[PDB]
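Only one chain is given next, in structure tokens, and it is the form deposited without this ligand.
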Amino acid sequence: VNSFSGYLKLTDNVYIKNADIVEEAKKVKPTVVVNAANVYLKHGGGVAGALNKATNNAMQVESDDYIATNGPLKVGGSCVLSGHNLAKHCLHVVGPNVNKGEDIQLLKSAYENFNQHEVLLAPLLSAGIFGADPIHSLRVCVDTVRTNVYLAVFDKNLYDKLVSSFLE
């Protein structure tokens, strides 16, 4: 459990690896995997789509039941659901979608959710379709998260860019 290998230590508590977060979850068996969620927990693409596909749609079936009963999340908010075959727990965190005019300031609130878990496997929040600058997201992660966070970045050129930012 929580067998993270090959990570680069950026700060006392933030580590980063050029890896596919699904293959990391399968290798590492983390207590917590973080999903880059939306407020309706519709896992139709990006990390959310990849994680749900890896669970054989278990995640989407559970999420649909959660939303029908409980209503949507708030931007900056989170819920803990089953980690299925990937982790003990999935922390579904909603970062702002700046592509849709949501406030980038809520990225701090999104990362604050990580502090309720001792160790996490996570993507950068508000990246990809959510439209935030990934170098900014990593800075907010480092500034906000006090617990141990292992970041998985799939794209090599983005990974090198991110590492060249805290180290150059």
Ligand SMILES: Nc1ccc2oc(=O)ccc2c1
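One-based numbering along the sequence shown.
This next part talks about the form solved in complex with this ligand, which is not shown.
Open or blocked, can you tell me? Superimpose the site C-alphas, put this ligand where it sits in the deposited bound form, and call it blocked only if 3 or more of its atoms are within 2.4 Å of a backbone or C-beta atom. In the deposited bound form, this ligand occupies a site that, on this form, remains open once the ligand is superposed onto it.
Would you check, heavy atoms only and a 4.5 Å threshold, whether residue 9 touches this ligand in the deposited bound form? It does: once this ligand is placed as it appears in the deposited bound form, residue 9 has a heavy atom within 4.5 Å of it.
Residues in 12 to 37 with any heavy atom within 4.5 Å of this ligand in the deposited bound form: Residue within 4.5 Å: 15, and no other.
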